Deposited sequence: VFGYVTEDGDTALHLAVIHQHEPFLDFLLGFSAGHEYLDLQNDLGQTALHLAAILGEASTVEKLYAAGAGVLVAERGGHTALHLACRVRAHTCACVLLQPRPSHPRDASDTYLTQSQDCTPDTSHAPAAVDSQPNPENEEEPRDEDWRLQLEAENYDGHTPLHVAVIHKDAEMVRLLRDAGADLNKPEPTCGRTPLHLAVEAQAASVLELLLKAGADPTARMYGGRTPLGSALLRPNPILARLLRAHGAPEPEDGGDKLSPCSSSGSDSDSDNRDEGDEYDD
């Protein structure tokens, strides 16, 4: 098995995606399929999948995924390939990942849903990231994928709804609300999304929470 690596820890695979060379990629994968070679992480902890996700190449993510690339592997910041997709609005890439791996590679615990609650070193799951980045489209894919809409992040227990309020992303706040995110959740301090929205500028946010049965805040 080939074993070349750059000073940055990038193997021939990493470079195939870095250079966006589908033909050579196909060649490499011709053998790599099923091997541990696919999951090798360069010095940033990134695998070829991670690179493909960052580049937002849905076609390249499928090949790697079809070939058996690990979907839970995390790079330096604890980001899985799905986490990275949620940072660069790579909607189509997330879609490829959010379903059972393709059957067979390409010759002309196997629960993909474990990606949904994977947490990075910032204590963020993919949904948190999608909301932090006010990515309504990504929130929709995650929702439909079955992501936990009430999952609190660990610095102060903010739920997706708290993050949307901080993000002043009303449309995201609404998506979460219509999908049933519990507006009664409070962060470690005791503050709720509404209570948080009141101390925020954009009036829309408070209106929404109100309209969706969010109880009124308790003084301060």
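* Stretches with no C-alpha atoms in the model, relative to the deposited sequence starting at 1 -> Gaps in the modelled chain, taken against the deposited sequence, lie at 109-143, 256-282.
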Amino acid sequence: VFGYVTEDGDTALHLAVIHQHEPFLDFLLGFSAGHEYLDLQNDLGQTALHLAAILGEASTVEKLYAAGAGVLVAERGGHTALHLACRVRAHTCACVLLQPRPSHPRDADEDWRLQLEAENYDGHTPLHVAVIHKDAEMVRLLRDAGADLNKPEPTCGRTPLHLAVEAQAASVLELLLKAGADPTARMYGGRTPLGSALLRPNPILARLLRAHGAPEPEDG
From here on, numbers count along this sequence of modelled residues.
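* 182-190 versus 159-167 - which carries the larger mean C-alpha B factor in the record -> Looking at the record's C-alpha B-factors, the answer is 182-190.
* Pick between 24-32 and 147-155: the one whose mean CA B-factor in the entry is higher. => Higher mean C-alpha B-factor: 24-32.
* Of the choices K134, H128, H104, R76, which one's C-alpha carries the largest B-factor in the record? -> By C-alpha B-factor in the record, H104 ranks first.
* **Where the record places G195 (Cα B-factor, split into thirds across the chain)** => It falls in the top third of the chain.
* Asked: With respect to C-alpha B-factor, does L38 fall in the lowest, middle or highest third of the chain as deposited?
  -> Highest third of the chain for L38's C-alpha B-factor.
* Asked: Which third of the chain holds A108 when residues are ordered by C-alpha B factor: lowest, middle or highest?
  -> Its C-alpha B-factor belongs to the highest third of this chain's values.
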